[PDB]
Amino acid sequence: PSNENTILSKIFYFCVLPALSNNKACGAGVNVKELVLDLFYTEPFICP
Amino acid sequence: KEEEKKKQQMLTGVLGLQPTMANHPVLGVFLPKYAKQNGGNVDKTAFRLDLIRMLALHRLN
Amino acid sequence: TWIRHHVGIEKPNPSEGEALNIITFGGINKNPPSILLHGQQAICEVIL
Amino acid sequence: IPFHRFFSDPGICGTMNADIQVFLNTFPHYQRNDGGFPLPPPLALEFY
Amino acid sequence: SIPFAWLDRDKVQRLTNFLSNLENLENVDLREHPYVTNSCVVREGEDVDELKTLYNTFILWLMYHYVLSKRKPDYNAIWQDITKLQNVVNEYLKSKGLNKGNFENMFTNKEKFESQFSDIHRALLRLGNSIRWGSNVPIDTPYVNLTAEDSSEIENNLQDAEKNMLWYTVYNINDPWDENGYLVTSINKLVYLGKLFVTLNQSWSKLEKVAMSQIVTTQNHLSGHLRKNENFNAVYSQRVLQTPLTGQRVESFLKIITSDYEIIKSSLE
C-alpha cells in the first residue's frame, strides 16, 4: 500500500461505509479451500 | 518401479484422476514433483488446489 | 523540547537537581517586562 | 523533474522514481502538495 | 545444489570459489573486476549463448546479492561504541566537567540524528573543539589532530573499508603518545568511528542498489526473449522468471529457483 492508498482505505472503511450504511454492514470469513473444491474440481474443469 | 507406484498413488489421491488425464501435459510435468512430496504430512487438499491453479495458468487463451 | 518551544518558553531545562531544589525554596522569573503600562496581572485556568 | 514552486507533485514524482518513494516513506511530511517539499538544492533558490 | 546454467566443470569451481571466499579478496565490487562476469559465458559465439548467458548472469548477480545479504556483519557494534564515547565522556565533560557551553546546544548536537546521520558539521564542531584544546588553529588534519604519523594509515584503513566493507578492522588511538588526555583520545576515536560507520553503510547501500539494479535489468531482457513461445514449460519458466524481486525476496527466490531448476533447463531451447 502506498501512503495515499492506506489513508484512503482508513477513510473509506471508517467513514464512508458506516455513515452511508448506518452501521448495516457485517464482517465475513471464507473457506476458500472448501469453496473452490465444491464449486470447481468438477468434470469440465478437470477433464482435458 | 516403486516411484511409478508412488506417482499413481498420488494421482488417485489427488482426485482419482483417470490415466487419460494423467497423460495431460500439466499432469505429465507436475506428477514427478508431486512425487517428491505428499510422503510428508502436508495435505491432500493442497495438491488439489495446486492442480487447479496450475491447470488454470496453463489455459490462458 | 517541542512543547517548550511551541508554548514559547526559553531556559530549556528546568535543571532538575539542586537548581530546582533552590526553586522550591522560592524563585522569580528574574527578567521583568521592560515596558509595563498598567500594573499587575495574572490569570489562572480551569478546563471545562 | 521537480524544478519549480508549482509543477512538483510528490505523489506523481515518487511513482516514476523509486528514490523519491523511499525518501517520502522515511519523511512523510514532505508528501504535502501545499508548501515546498525540497527541490534539488541547485533548483531550490526561493529568495532568487 | 548450487544451481548454474549449461556451464562447464571448471567455471563452476571458479564461481563457487569466488562466491565462497568473497570476504578475503579486496575491492569486492563485482562490477569493477571483470574476471568473473566475462568468465560466466556459455561459449560458441552469440547464437548458442545469448539467452543462456543471460540466465547464467541472472543466477550470478542473484547469488552475489544473496551472499552479500548473508555475509555482511553487524555495524551496530561500531555505532554502539560511538554512542558509548559520545554519551559518556564528552557530555559529562561539557556539563559535569564544567566551563563548556549550555544544555540545549551541545547535548542535542550529540543527541540529534541517532538514526541515519551523515552529518559533517557536527563532526566539524567536535574537531574545532579538540583543535582548540590542541596546539594549532586551522582545521587541516582534524581526525587525529596534532599528529600525522598515523594519517596515511588511517586513510588507508578507510579506503580498505570502502573496498571491503565485509572484513573491517578498527585501528586504534594509541595510549602513550597524545596531545591531550582522555578527552582528545575520546574525540579522535569518536570522529574516526563515525567516519567508519558512515563509510561502511554508504558503501553497502551502493553495492546493494547496484545488485538490485542489475537483477531487475536482466529480468526484462530474459522476459523479452522468453515471451514469444507458447509451450507450457515455456510460459511456466516465464512466470518463475517474472516473479518480482526485492532484496528480502532474493533468498526465498533462490530457494524457489533451486527446485524449479529442473524445469526451466528443459524450457530453455
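Bear in mind that the values in this text are calculations on the coordinates, not laboratory data. Here the Cβ is made from the backbone with ideal geometry for all residues, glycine too, and neighbour counts use every protein chain on show.
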Based on alpha-carbon centroids, what's the gap between the stretch E:62-116 and the stretch B:20-59 in Å, whole number please? 55
Which FRET efficiency value, to the nearest 0.05, do you get for E:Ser39 and D:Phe6 by plugging their Cβ-Cβ distance into 1/(1 + (r/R0)^6) with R0 = 60 Å? 0.70
So E:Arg14 and E:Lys255, fully extended at 0.36 nm per residue minus their Cα-Cα distance, gain in nm 84.6 nm
Helix E:182-226: angle to the longest alpha-carbon principal axis of chain E, degrees 0 to 90, nearest 10? 20
With springs connecting C-alpha atoms under 10 Å apart, model chain E as a Gaussian network and identify which of E:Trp61, E:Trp79, E:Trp177 has the largest mean-square fluctuation. E:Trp177
I want to check the label-to-label distance for E:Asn231 and E:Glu262. Put each point 7 Å from Cα in the C-beta direction and report it in nm to one decimal. 1.8
If you find the alpha carbon centre of the stretch E:142-212 and of the stretch E:251-269, how far apart are they in angstrom? 43
Proxy exposure order for A:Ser2, E:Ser266 (fewest C-beta within 10 Å first) is E:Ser266, A:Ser2
Can you give the angle from 0 to 90° between the axis of helix B:2-14 and the longest principal axis of chain B, with both taken from C-alpha atoms, to the nearest 10? 50
Over chain E, the sum of -39500 (n - 2.57) across DSSP H runs of at least four, divided by residue number and rounded to 500 deg cm²/dmol, gives at 222 nm -18500 deg cm²/dmol
Compute the helix-to-body angle for E:121-133: its Cα long axis versus the longest principal axis of chain E, expressed 0 to 90° and rounded to tens. 40
Which ³J(HN,Hα) values in Hz, rounded to whole numbers, follow from the phi angles of the stretch B:38-55 under the Karplus curve 6.51 cos²θ - 1.76 cosθ + 1.60, where θ = phi - 60° and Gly and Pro get x? 6, x, x, 6, 4, 4, 9, 5, 4, 5, 4, 5, 4, 4, 4, 5, 6, 4
At 10 °C in a medium of viscosity 1.306 mPa s, the protein assembly as shown has a Stokes-Einstein diffusion coefficient, with Rh taken as the Kirkwood radius over alpha carbon pairs, in µm² per second, of 53
In nm, give the distance between the simple-model label positions of E:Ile2 and A:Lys33, each being 7 Å from the Cα along the Cα-to-Cβ direction. 4.0
Over 30 Å between alpha carbons, listed pairs E:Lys72/E:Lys255; E:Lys84/E:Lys206; E:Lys94/E:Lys195; A:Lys33/E:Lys255; E:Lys72/E:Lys265: E:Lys72/E:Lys265
Label model pair D:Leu43, E:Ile78: point-to-point distance (7 angstrom along the Cα→beta-carbon line) in nm is 3.4
How many angstrom lie between the C-alpha centres of chain D and the stretch E:1-59? 41
For the stretch E:85-209, what class follows from the C-alpha gyration tensor (a ≥ b ≥ c being the square roots of its eigenvalues): rounded when a/c is under 1.5, otherwise prolate if a/b is larger than b/c, else oblate? oblate
